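All remarks here apply to the structure that follows.
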Amino acid sequence: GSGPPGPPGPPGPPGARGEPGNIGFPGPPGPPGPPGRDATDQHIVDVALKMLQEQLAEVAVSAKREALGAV
Amino acid sequence: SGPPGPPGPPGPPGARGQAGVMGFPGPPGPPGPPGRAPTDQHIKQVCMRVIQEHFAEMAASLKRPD
Amino acid sequence: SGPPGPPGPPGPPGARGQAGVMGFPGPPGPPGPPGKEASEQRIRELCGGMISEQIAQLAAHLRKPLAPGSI
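Structural data, given as structure tokens:
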């Protein structure tokens, strides 16, 4: 008749490999750029000098036309 | 003769998965603030400077009707 | 004796991988746009009068006064 129960069986096989890690979050934006360059004085200087040249020339024209009576 | 033994223990845990991918890099920052434009007072002040630095030139042309 | 028992069940799934790290910061933004230059028209508006007044004042200094100005 019966001998004893056998010994315990072997360990089961290894479980399945784990899934790849979760996706990384997006990086932060970079900082704002530096301030743009300020408008320089040159454009104002240029127009002022033109206005001065114009008005000074007009002094001579006015004087000449005054004498002629053709203002 | 005899019954089979008891069941074996569960197997070992599986291997760990591969690391996840790094996140995308962030967008570029915003452009900077605009540069400064001339105020009306600043315009006036430059004109004043130009006039004051040109009195000699003005005087030359004011004699010219002679 | 009896035979060995049956194998155990499979082991649990392996752990998920290490989480992805956060993305790099983005680059600094570009420089802001340049300051807008004043228009020639606005310069003429703001400076025409002072040029006229200083011209008239200098003409008097030089004892060459001009045509009378507007009231």
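Residue numbers (PDB author numbering), protein chains in the order written: chain B, 1 to 71; chain A, 2 to 67; chain C, 2 to 72. Just so it is clear, CB atoms sit at the ideal spot from N, CA and C, and this is done for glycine as well.
Contact note: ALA60/A reaches chain C through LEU59 and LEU63, using a C-beta cutoff of 7 angstroms and chain order. Inclusion of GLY6/C and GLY6/A in the CB contact set at 8 angstroms is warranted, their separation being smaller than that value. Only exposed fits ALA60/B, as fewer than 16 other CB atoms lie within 10 angstroms of its CB. Distance from the CA of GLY15/B to the CA of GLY3/B, rounded to the nearest whole angstrom, comes to 34 angstroms. Here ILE52/A is buried: its Cβ has 16 or more other Cβ atoms, across all protein chains shown, within 10 Å. Here the region 12-27 of chain C lies against the region 19-37 of chain A, with 3 or more beta-carbon pairs under 8 angstroms apart.
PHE56/A: member of the alpha helix (DSSP H) spanning 56-64, first to last residue. Per the coordinates, the alpha-carbon of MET49/A lies some 12 angstroms from the alpha-carbon of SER53/C. For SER53/C, no CB of chain A lies under 8 angstroms from its own CB, so it is not counted at the interface with that chain. Not a single C-beta of chain B is nearer than 8 angstroms to the C-beta of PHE56/A. At a cut-off of 8 angstroms between beta carbons, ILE72/C makes no contact with chain B. A direct Cα-Cα distance of roughly 21 angstroms separates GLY21/B from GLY27/A. Look at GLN42/B here: in three-state DSSP terms it is helix.
Interface flag for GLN19/A against chain B is set, since a Cβ pair is found closer than 8 angstroms.
Separation of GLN42/C and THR40/B (C-alpha to C-alpha, rounded to the nearest whole angstrom) is 17 angstroms. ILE44/C counts as buried, since no fewer than 16 other beta carbons sit within 10 angstroms of its beta carbon.
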